[PDB]
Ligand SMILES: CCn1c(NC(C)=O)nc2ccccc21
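Given next, in structure tokens, is a single chain: the form solved without the ligand.
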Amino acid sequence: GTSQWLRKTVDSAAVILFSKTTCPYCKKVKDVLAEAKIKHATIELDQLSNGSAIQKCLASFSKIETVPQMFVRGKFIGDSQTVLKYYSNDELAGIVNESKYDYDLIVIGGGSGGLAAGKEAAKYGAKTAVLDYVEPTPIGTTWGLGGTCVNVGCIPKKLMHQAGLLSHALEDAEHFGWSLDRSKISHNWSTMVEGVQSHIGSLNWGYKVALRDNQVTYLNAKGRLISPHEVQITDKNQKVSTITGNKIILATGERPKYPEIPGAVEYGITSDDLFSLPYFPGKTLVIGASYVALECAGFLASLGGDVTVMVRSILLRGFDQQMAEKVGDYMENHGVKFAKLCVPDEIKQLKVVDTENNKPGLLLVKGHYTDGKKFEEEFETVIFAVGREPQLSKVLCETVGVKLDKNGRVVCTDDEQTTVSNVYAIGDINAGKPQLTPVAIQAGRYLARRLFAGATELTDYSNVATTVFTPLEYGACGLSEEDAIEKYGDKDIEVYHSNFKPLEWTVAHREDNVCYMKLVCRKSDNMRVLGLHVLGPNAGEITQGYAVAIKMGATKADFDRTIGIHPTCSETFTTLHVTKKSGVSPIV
């Protein structure tokens, strides 16, 4: 057991020192490596449960049982005297840089997971390259380093959501005594986009600075894995070349899908285009019903746009459908129109986009409802949000031998290993995992530590909390009510629930009984909390802390014995008592 861990660590680590905190011979070697600017991992044996067994096991590689012992890429280098011999003779730098490969690690993809993996690996002395290339959208949109979340995802969408939230802050301010007249204030799209894009630009630059200061090689090039250790790269001049790496991490993410109908690619756009669009979209149609579709429709309506959402079947498929229906009902009462049970058939162009005068075009959308009836209406902008997919045929030659699933995602072990032993996959392309930015970052950092610092900790993908940033936000952690009932049976499920009203909404004359929360619990397991759900302002801040308690196995009694903080929205979770089975109203 211990023997197999130590073998794996020695073979994989780039530069690793086995040391003790008390030893001055170890302090002597650490200081030498620091002066020579040699980064390395360190294992302190006097601080591990079974460091005494490891010390004896090191002898199988070095034939000595003492400390310090320094290894490079699986090879024993020497003890104190020998390392200082190499340093005094100017032989050290050459020894620590000898490798069968150009790099200890090549990361294909410079997004959430890839940048986190590459930076963490470099901390332990791995010689690392990060490759990133942004294939342009059909109308030619492109952006800088950092991936989907930074450039065309979580960051710009939450900034535009905040711009939408401030419209109701302006309305509320009158009732709290401020002298403004909300009816005479308007919004400027391009001023918003300029501020959002300036922030994104500071993140692009910050990542390039971060990589340089960690001695990571950044190549703005398209990568393709052609054999287990060879990556073919193509740069901006279509210069093709080949680099080699010991370990490979695939982290290339996904892009938006388009439906197979006339005019979609030619005349519609996706979220990839929306966040840097140089003109206001105007009267807009959003096709789809995912969290992307609803978040974008929501802030466009709050900025004063004429917005319609066309829904094929249900909202937020895969989320709790009671909460999804409450989300949509709020949006419809606050100025989002819905075309329900409806799909598109074709998009026709009536006016070309006026790139000169900074104006949208004009389009005719034709479709049909699910019973047979027809749809026909004109829009200035049409946004498709009908899912996202990887395209690993661009990234990965089928001869390498990496197994994909029926959706095109990489099949991995619980330590992110593919069917090719030195190749790993993280983030949205890892089959079956939640497609979220903090998941990708944790997977990447934790993997880098296992490869290059002898760590053993795995990423836990269960009960990962989420928030949908619709105009009224929806936070969740754990099972939906319908999934719990299917898994355990209705007689074993108890649901506590309540409406609430934010104190901030009282003076502002907002709605009494639209905010809502529930706990879905398992009777036969001490009323264990299976799922937590909340619709209300600041829902992500409310939900986050409870995710720790659910990870630790919270019960209803744990929520009951904890005291609330007053006045807050969150405290309503500490005093829930109305059950669904009782039939008593949840209103306040």
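Numbers for residues come from their place in the sequence shown, where the first is 1.
Note that the form solved in complex with the ligand isn't included here; everything after this is about it.
Site check by superimposition: the ligand, modelled from its position in the entry with it bound, clears the backbone and C-beta atoms of this form, with no atom inside 2.4 Å, and the site reads as open.
Although the partner is absent from this view, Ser183 stays clear of the ligand in the entry with it bound, with no non-hydrogen atom inside 4.5 angstroms. The shortest heavy atom separation between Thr459 and the ligand in the entry with it bound exceeds 4.5 Å. Interface residue remark: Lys236 is counted as part of the site for the ligand in the entry with it bound, having a heavy atom within 4.5 Å. Though the partner is left out of this view, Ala221 does reach within 4.5 Å of the ligand in the entry with it bound, counting heavy atoms only.
The single contact residue among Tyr86, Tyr133, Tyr101, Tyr488, judged by any heavy atom lying within 4.5 Å of the ligand in the entry with it bound, is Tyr133. Contacts of stretch 559 to 588 with the ligand in the entry with it bound, defined by any heavy atom lying within 4.5 Å, are made by none of its residues.
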